[PDB]
């Protein structure tokens, strides 16, 4: 009887939603940055680019309402160097995500989405670990990920250019 967080593959029609969310300064403060001036063209170019061999773009849904976005990609090849993550034979996925409808913030939805997608990547992709790299100043997001079982592994100084500053991030990892 409990409402469920789910996700589904992003399709071309969802680019309308993405334009709405990523021209909303409330969202851009936490994802992409308020200095980014998105258009239909930039959204298409950036959100259909296949910059990894294995990438899934998904719409996060709560009670069938589309409320956010995630990108999930297998770390392979040069992608390991982007996290100074030592390559082994383990299968590693990284993820970025945002909730674009702010009325669904601070409801535990972020942590619950993390739990659902980790169980999916484990059971359907045999993922060994899932990694995240939130900004250190986003303690809300760090706390939410830790509640979903992501362990803090190490700090990533000057990791992410965000609104004109190189921000320190936190490497976080889920295994079980």
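Positions refer to the first chain, counted from 1.
Engineer: Per the PDB record, is the mean Cα temperature factor higher over 35-43 or over 120-128?
Structural biologist: Going by the record's values, the stretch with the higher mean is 35-43.
Engineer: I need to verify one thing: averaged over C-alpha atoms only, is the B-factor higher for 135-143 or for 104-112?
Structural biologist: The stretch with the larger mean CA B-factor is 104-112.
Engineer: Which third of the chain holds residue 76 when residues are ordered by C-alpha B factor: lowest, middle or highest?
Structural biologist: Middle third - that is where residue 76 ends up once the chain's C-alpha B-factors are sorted.
Engineer: Based on the deposited C-alpha B factors for this chain, I'd like to know if residue 58 is in the lowest, middle or highest third.
Structural biologist: Lowest third.
Engineer: Ranked by Cα temperature factor within the chain, is residue 148 in the lowest third, the middle third or the highest third?
Structural biologist: CA B-factor rank for residue 148: lowest third.
Engineer: Is the Cα B-factor recorded for residue 8 in the lowest, middle or highest third of its chain?
Structural biologist: According to the entry, residue 8 has a C-alpha B-factor in the chain's middle third.
Engineer: Per the entry's values, where does residue 28 land by CA temperature factor relative to the rest of its chain, in the lowest, middle or highest third?
Structural biologist: It falls in the middle third of the chain.
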